[PDB]
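Below you'll find only one chain, the form deposited in one PDB entry, shown as structure tokens.
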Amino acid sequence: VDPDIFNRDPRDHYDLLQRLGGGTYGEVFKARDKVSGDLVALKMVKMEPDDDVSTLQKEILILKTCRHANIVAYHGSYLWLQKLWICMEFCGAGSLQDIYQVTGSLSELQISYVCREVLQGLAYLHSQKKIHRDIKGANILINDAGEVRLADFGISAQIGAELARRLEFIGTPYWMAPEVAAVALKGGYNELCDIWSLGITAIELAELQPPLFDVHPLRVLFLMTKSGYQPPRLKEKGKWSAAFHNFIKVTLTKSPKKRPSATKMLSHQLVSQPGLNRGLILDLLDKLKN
């Protein structure tokens, strides 16, 4: 299917180092290029005859076609002996979740900078008709240069494959009510779901967990679907500026018809204020080291 797939053992090119962690699926390993010495992350997914090939096809299609400074670099994929290895950028400091578990809460300027960089990556993804659908601290990586990169298109690939598979058993739409046609064509939502998740992520970076993290997941799902659901807010109002409170208020707009787009959010005071540069992330990395 993909003409650029390498039909060889990745071990021909890389020496496999330690296990780094897991993604939505697959296992991610640190590896080193045998000729250049460049470090990479190799995500290994089992690919036996009855494994989910459509999702992996969709994930590699996203990685190959969505190249941006705020998305982890993709180097190519290997298929050998029923294992698929996806080669991506090695981001030395891991995710923001790994960082704040050592470092504690990020400052408002650091959160603003992360939000700006993630919004640039989201505006790019949405412009190519892609939706991340899994924005959280665990999926925002920080490299040694203090660059902010979105990772793990596993959820995006699974939904993309499921929606393509379903649009074969859809049948004629002429008798469908508009709200049924909406779930048939778009799954009942749009790319603005990523704006809400970024608002939640900003709270997560400020408080070390998303709102209601201690509440049973099924109860959280039930509460969100009910009428009268109030969007979350920062708990310590006095610790944060009016700009940060307004950023949370507008990214957490309950109605998707009124939630601002990534490009509109890029004009917000929080991500347009003075003093936003990689130096803020370099300070976070200094705290992580010491």
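So that the term is clear: the rigid core is the largest set of C-alpha atoms that superpose within 1.5 Å between two forms. One rule holds for the numbers: they count along the sequence shown, beginning at 1.
Keep in mind that the form deposited in another entry is missing from the display, and what follows is about it.
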Q. Where does the C-alpha shift reach 2 Å or more between the shown form and the other one among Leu208, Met176, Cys193, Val220, given a fit on the rigid core?
A. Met176
Q) For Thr24, is the C-alpha shift between the shown form and the other one 2 Å or more after core superposition? A) yes
Q) Out of closer and farther, which fits the Cα atoms of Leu208 and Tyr25 in that other deposited form compared with this form, where the change is 3 Å or more? A) closer
Q. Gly23 and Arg149: do their C-alpha atoms lie closer or farther in that other deposited form than in the form you see, with a change of 3 Å or more?
A. farther
